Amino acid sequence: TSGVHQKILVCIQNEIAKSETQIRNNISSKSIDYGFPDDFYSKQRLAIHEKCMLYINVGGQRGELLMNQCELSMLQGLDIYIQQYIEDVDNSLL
């Protein structure tokens, strides 16, 4: 990247994309004991977006890095949360 702003953005956004994909794949998996609502990903993804977007107000490129870095952190959390939930439903029901 050599400090090129846009190249940094591309790198983080690729990680974000991987996280989003892993989360949609979990949710999609078909057993209705998990009970994920229809628009669950899209409503959570959006909520994460609006939260992280406040970081633009911090100013300039730095704001974007923090914003993109927040989206990544929130999605990584969402993903772990969902995995954990799936594991708990699995070992609790019969």
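Sequential numbering from 1, following the sequence displayed.
Mean CA temperature factor from the deposited coordinates, higher in 73 to 81 or in 21 to 29? 21 to 29 has the higher mean C-alpha B-factor.
For the higher mean C-alpha B factor in the entry, choose 9 to 17 or 82 to 90. Comparing 9 to 17 with 82 to 90, the higher mean C-alpha B-factor belongs to 82 to 90.
Considering only modelled residues of the same chain, in which third does the CA B-factor of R62 rank: lowest, middle or highest? Lowest third.
Using the B-factor values recorded in the entry, state whether the Cα atom of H49 falls in the lowest, middle or highest third among the modelled residues of its chain. It falls in the middle third of the chain.
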